[PDB]
Amino acid sequence: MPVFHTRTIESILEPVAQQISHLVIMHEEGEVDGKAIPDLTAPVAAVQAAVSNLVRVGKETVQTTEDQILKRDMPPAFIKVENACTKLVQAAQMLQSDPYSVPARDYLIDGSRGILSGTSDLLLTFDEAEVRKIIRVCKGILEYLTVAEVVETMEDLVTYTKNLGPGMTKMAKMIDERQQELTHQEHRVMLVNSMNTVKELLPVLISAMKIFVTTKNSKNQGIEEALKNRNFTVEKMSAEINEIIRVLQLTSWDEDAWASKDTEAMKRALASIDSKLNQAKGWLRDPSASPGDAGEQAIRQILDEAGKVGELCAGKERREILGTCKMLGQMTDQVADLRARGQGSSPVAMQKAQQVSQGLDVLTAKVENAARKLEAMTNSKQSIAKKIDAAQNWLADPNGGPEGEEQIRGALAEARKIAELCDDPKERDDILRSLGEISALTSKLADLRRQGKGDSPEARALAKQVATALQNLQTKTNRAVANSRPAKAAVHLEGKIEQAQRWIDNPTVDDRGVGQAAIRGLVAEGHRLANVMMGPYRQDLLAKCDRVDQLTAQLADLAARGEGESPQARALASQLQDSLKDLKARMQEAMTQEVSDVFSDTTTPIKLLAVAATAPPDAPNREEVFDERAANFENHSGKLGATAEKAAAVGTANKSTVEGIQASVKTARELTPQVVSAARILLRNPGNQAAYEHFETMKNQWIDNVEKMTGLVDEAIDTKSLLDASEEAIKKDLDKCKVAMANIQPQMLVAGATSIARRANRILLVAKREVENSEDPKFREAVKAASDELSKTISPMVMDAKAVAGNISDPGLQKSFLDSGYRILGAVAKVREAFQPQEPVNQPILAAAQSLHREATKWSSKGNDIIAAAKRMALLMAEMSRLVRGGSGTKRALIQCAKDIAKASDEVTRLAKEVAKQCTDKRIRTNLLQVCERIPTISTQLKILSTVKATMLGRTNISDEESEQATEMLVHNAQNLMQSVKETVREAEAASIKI
């Protein structure tokens, strides 16, 4: 396949392309029409003149490198381009034979083709080994991780600190040229952040090494914390390298790393499975004592996360997951409505308590399968990748007659068979075409004996046979999982909505079971955003959950109505998309309630953790309250971090932000269990004030994180939605003064007033860090003035909090608290003023009808150069797939109109370049940086692949099974194209408000 994994191959084959572009244009009308020839042999000389630099590299690097694995393929590539160069000049001599030797003119189609069939594989083998000069370096650094592990020597650690010293200048700069090897995004952020892994963790290693230097003394008790944290470092270091090892292994747009990006959200899912499961068994321990307005969080949250495990499976059992989520909760919602009086008698409900919980534990058997249906399957991709590169070791045998190499050809063949026969629960019919490849490769085991006559050179054809018989293994192994995985709802906002969208856009022909799960997410978080509130507002949104889903379920029924669509299918689908547009804003408001309640008072238990770290814990009651403050500190980490993941679920933050908030979530998920553990280190160190003062650092080490993570999850949503619920939260608490005055409770009074400071410091925080992201400075001055008003007014409240608490029975002073009070109400929404941005219908039309409007909506006029280019975008999008379903005499406009795609997509680049320079916000221009390099690279790659399928066409006896690989490459890229292009359309308006 024509690969693009190295910019050399880009900067060589695009020089190949535009001269190849007018080459095979001459072939079609010389064969279909039989035109007169143009002058071609000197262009035939000129296209191999482009090769003449490359083939000089091609002749000399074979002479330069002794590398026999490179000699196994690169000279057979060098012969193959020479085989093309023969078929260059054999054509060119037959070009010079007659100007109408049309059977001799048949060779002309290979000249664009066999070159690009070759120069891919030619530029492969260099960059096959170019990365191999880098692979073992960082691998050796990974194998240097165990150097100081067994060794307990300080000066050896000092030399190991020198083993990383020039160890760094091997691991830094070549990787730093590797991130300059691609000026891409699609793997470069996988590189450069892993490049931050090797630099940040390196002194963190040395610190952890110096932690183990604090184990050189014997009588201390750090003999375990040194082991686990040095393990913790080297697992993180082995993570990111082996990642970017494989990120340097691949060659194009992949599928398996996405399925490898699913393995870890399984872990936060399965941890969320047994999170409230014990509390659900505790709810099962007494169902008689629950109102079901907040105790169902122990119940209904467990239901919700298994649905995403159902997003990590397929088949009929994936239908069971919606078949249990739309049922067993309604099996519990009826017994919840049996508690509207209590008329479902819980002494009588022993049969019912099973039937409301029968959707739980059978689903645990479903999710442990759907784990291991996906666990071993994504493991199988690397498992086959072991053995197919272990036949390379069989291929790189210098055994000329392999009578001794008769075992590696067999056991690996028995290894890849059973591993793909472990892939039997994927699909039953395609396991026969696996056996069809097995029945091929069993003969390819018996291929390898005629080269057994001391025959290493003439081995090469039957080596090329079993190479291509392995090149036939790869696509089925690629098909072993690409069907079995639904393309996941891209966990940001529209990337779940658009995957919810396009399943409605095509009822007859469908994806790989994807869209029946790809719509399921918008109700999967809908049941989560409806979850945590009380009685009446839960059923406010669950009606918008289950009935707007029921509006969608009519579109699921009408596949039986005829096939695909009904005659009335465009009735219920045309109002379906705005039925779910009701669902989005009531999921947003459900979310933006779930943030201003939980974050802006989270450090208040920390202060109560701090103030009960002063009073003696050697007491039965005062320590447990602190430990229930610690159990409240347990509760924050969920209701922050899950809501942070819900702020990742709906909050339209930046991709690097929803990287960075998710990265901060990781810091939230790891430093929350440590500072509660360092609280226990405090409660067990006997009178140690230094460790207490070190806990003072370590609590501050968590605060500034979670204060930044506040300010980052403040930026995970619009603050104009945050301060709505914040301006009501003070109104939810200013009244609590009026009952505090009604009784004698100054300590309940200041508890609100302290929380005002817990509110206003966060409100101080946001107007500070709006400024750094803003680039309209004449309007950030009030934002600069916002916390400035707030900083001067946070203090007299705390003065007045001390004032009224002296004697709450003092009227006037009672009024003074309100006199201090509603300046804050006059200030809190005044901050939001900055964030307030004031300063017979037809069934065969959609997937072409909704394809046009999906980037032609939003009603924009200034960026019409986006939109007018977006007109040719979706038009030629399906017209590609129309023309790849074209006849044999259609290869002219095949390449030609799809060469126009790249320059259209390079106009998509130049508009992303247009917006990014006039972008007036720093954090959102990172997604301009995460768009402005994605577009132009993959653009001309289509212009590459525009040529290839045209050369696949017009042969009329070619092997179509690889020509249809050029079909599905046109499927694959244009999918990746159209996905990011509509993103490039919509994110323009996501930036256009900022200026």
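A short reminder: the numbers here are calculations on the coordinates, not readings from a lab. Please note: Cβ atoms are built from the backbone with ideal geometry, for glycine as well, and neighbour counts cover all protein chains shown.
Points worth noting:
- Neighbourhood charge, 15 Å Cβ-Cβ cut-off, centred on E696 and excluding it, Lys, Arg +1 and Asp, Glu -1: 0
- Evaluated over segment 745-825, the count of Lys pairs having alpha-carbon atoms less than 28 Å apart is 9 (only pairs 8 or more residues apart or interchain).
- This ranking places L929, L942 by how few other beta-carbon atoms lie within 10 Å of each, fewest first, which gives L929, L942.
- Ordering of 975-986, 348-359 by packing is 975-986, 348-359, highest average first (other Cβ atoms within 10 Å, averaged per residue).
- A dipole drawn for segment 57-167 from +1 and -1 charges on Cβ atoms has a positive end, and of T146, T61, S112 the residue lying farthest that way is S112.
- In this simple spin-label approximation, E177 and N743 carry label points 7 Å from Cα along the Cα→Cβ vector, and these lie 7.4 nm apart.
- Separation in nanometres of the label points that stand 7 Å from Cα toward Cβ, at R428 and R339: 4.3 nm
- Using every pair of distinct Cα positions in segment 597-717, the Kirkwood expression returns a hydrodynamic radius of 14.9 angstrom.
- Take the Kirkwood radius over Cα pairs of segment 849-992, plug it into Stokes-Einstein at 20 °C and 1.002 mPa s, and you get 135 µm²/s for translational diffusion.
- Only helices enter the 222 nm calculation for the chain: every DSSP H run of n ≥ 4 contributes -39,500 (n - 2.57), and dividing by all residues gives -24000 deg cm²/dmol, rounded to 500.
- Annotation: the residues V595, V151, sorted from fewest to most other C-beta atoms within 10 Å of their own C-beta, follow the order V151, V595.
- Reachable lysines, given that their alpha-carbon falls under 18 Å from the alpha-carbon of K308 and they are not under 8 places away in the same chain: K261, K267, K276, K316, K326, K366, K373, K488, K496, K646
- Pairs of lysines in segment 849-992 whose Cα atoms sit within less than 18 Å of one another amount to 19, provided the residues are eight or more positions apart or on different chains.
- Alpha-carbon centroid distance for the pair segment 295-349 / segment 67-99, whole angstrom: 66 Å
- Inter-part distance where segment 1-60 and segment 409-426 are each reduced to a Cα centre, Å: 41 Å
- For the peptides 470-476, 166-172, the ranking by mean Cβ contacts within 10 Å, running from highest to lowest, is 470-476, 166-172.
- Listed residues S272, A569, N957: farthest to the positive end of the dipole of the chain (Cβ charges): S272
- For segment 147-291, the mean projected area of the C-alpha convex hull, equal to one quarter of the hull surface, is 14.4 nm².
- Segment 133-248, dipole about Cα centre (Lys/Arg Cβ +1, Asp/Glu Cβ -1), debye to the nearest 20: 160 debye
- Compactness relative to 2.2 N^0.38 Å, alpha carbon Rg of segment 488-594: 1.10
- A simple packing score, the average count of other Cβ atoms within 10 Å per residue, orders the peptides 118-130, 614-626, 240-252 as 118-130, 240-252, 614-626, with the highest score first.
- The chain - Debye-derived log10 I(q)/I(0), Cα point model, q = 0.05, 0.07, 0.10 Å⁻¹: -0.39, -0.76, -1.45
- Around the Cα centre of the chain, unit charges on the Cβ atoms of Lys, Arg, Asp and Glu (plus for the first two, minus for the last two) sum to a dipole of about 780 debye.
- Cα lying deepest toward the dipole's positive end in the chain, options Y160, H5, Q554, charges on Cβ: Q554
- Net charge of the neighbourhood of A17, taken over other residues with C-beta under 11 Å away and scored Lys/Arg +1, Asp/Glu -1, is 0.
- Dimensionless Rg over Rh [segment 1-130; C-alpha; Kirkwood]: 1.01
- Fully extending the segment from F779 to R449 would add 110.9 nm, taking 0.36 nm per residue of separation and subtracting the current Cα-Cα distance.
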